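Give me a model of this one.
(chains A, B, C, D, E and F)
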Amino acid sequence: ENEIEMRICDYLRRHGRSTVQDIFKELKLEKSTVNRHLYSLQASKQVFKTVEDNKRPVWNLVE
Amino acid sequence: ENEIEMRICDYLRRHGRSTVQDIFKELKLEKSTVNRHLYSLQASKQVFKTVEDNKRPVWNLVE
Amino acid sequence: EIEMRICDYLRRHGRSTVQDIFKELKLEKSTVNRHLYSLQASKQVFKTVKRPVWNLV
Amino acid sequence: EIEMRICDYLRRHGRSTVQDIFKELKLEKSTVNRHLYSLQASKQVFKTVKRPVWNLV
DNA sequence: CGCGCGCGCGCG
DNA sequence: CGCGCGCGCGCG
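Numbers count the residues shown, from 1 in each chain, chains lettered A, B, ... in the order given. Sharing the structure here:
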């Protein structure tokens, strides 16, 4: 859903750098639902992630 | 939700042995939501699983 | 054991897709891939890319 | 390297919880556990149970 | 189409 | 409280 993606981006716009944990717990969505859209949004260059070895990816808006 | 668990058990009652795949695709729920309740239902002895090494667990009602 | 058979296929045929390997060895694609990625971690095999192509060392 | 330090702690102190290990080694619990379970798979260490307790061989 | 994935995990 | 988990994976 576009609505889910809107809410994910709005969360990132409000909070900045975040793991899937911060996002899904706040939005009250499944972790998997959020990750699906995070990786989808990464593909369309709307979000980006940084990953330290063996750590949860950290996400933020490209803008 | 109890409703989710009801639907999972009803699926199993109708179809018998199933992986999380069969269930979540039919119920239109996230795989994680279904697995959460499967493992919860396993704990309360309402469902059981069999697992061949390196394969998806197969689930069925205890009854 | 499975890893032995995989490395042996590679040792004989060289560059191979997972498809080449599982077809010959009569094994599940997922099984062969699980072992290839573990062998990759072991620095025993490597892939080129997808349709990855695998080979020894 | 981390696995070296873990096995060395075990070699010196014997039966240890992940808590014992990470506190001494100054490492994340998740890091130590990831390596213990890999060493378990390697048949290098084993656990008794939870609060698992770990030791060599 | 890359896929190795089992995973439930929320955990502080 | 066991937790190692990263995981997005839907894939045929």
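
Contacts only, for the closest residue to residue A:50 other than its chain neighbours.
Of all residues not flanking residue A:50 in the chain, residue A:58 sits nearest, at 5.1 Å (Cβ to Cβ, 6 or more residues apart in numbering or on different chains). Bear in mind the C-beta positions are built from the backbone N, C-alpha and C, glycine included. Taking Cβ atoms under 8 Å, 6 or more residues apart in numbering or on different chains, we find residue A:58 in contact with A:17, A:18, A:19, A:49, A:50, A:51.

Helices along chain A, start to end?
Along chain A, counting by DSSP state H, helices occupy A:2-15, A:20-27, A:31-43.

give me every residue that touches the residue in chain A that DNA strand E sits nearest to.
Closest contact between chain A and DNA strand E, by Cβ to the nearest atom of the strand, is at residue A:31 (4.2 Å). Applying Cβ under 8 Å, 6+ apart, one finds that residue A:31 lies in contact with A:20, A:21, A:24, B:32.

Can I get those in CSV including distance to DNA strand F and neighbour count?
CSV is the format used below for those (distance: Cβ to the nearest atom of the strand, whole Å; neighbours: other Cβ atoms under 10 Å in any protein chain shown):
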residue, distance to DNA strand F, neighbour count
A:20, 5, 20
A:21, 7, 11
A:24, 8, 20
B:32, 6, 15
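
Turn these into CSV, including distance to residue B:12.
Output for these, formatted as CSV (distance: Cβ to Cβ, whole Å):
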residue, distance to residue B:12
A:20, 30
A:21, 31
A:24, 27
B:32, 18
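
Max pairwise distance over the residues you listed: which two?
Longest distance between any two of those is 13.8 Å, between A:21 and B:32; criterion Cβ to Cβ.

Quick one: residues contacting the spatially most central residue of chain A.
Here the mean C-alpha position of chain A is nearest to the C-alpha of residue A:38 (Cα atoms, centre = their mean), at a distance of 4.4 Å. By Cβ under 8 Å, 6+ apart, the contact list for residue A:38 reads A:8, A:20, A:23, A:47, A:49, A:59.

Near residue A:59, how many other residues are there?
For residue A:59, the neighbour count with other Cβ atoms under 10 Å in any protein chain shown is 25.

Hmm, residue A:20 and it touching each other?
Yes. At 7.4 Å, residue A:59 counts as touching residue A:20 under the criterion of Cβ atoms under 8 Å.
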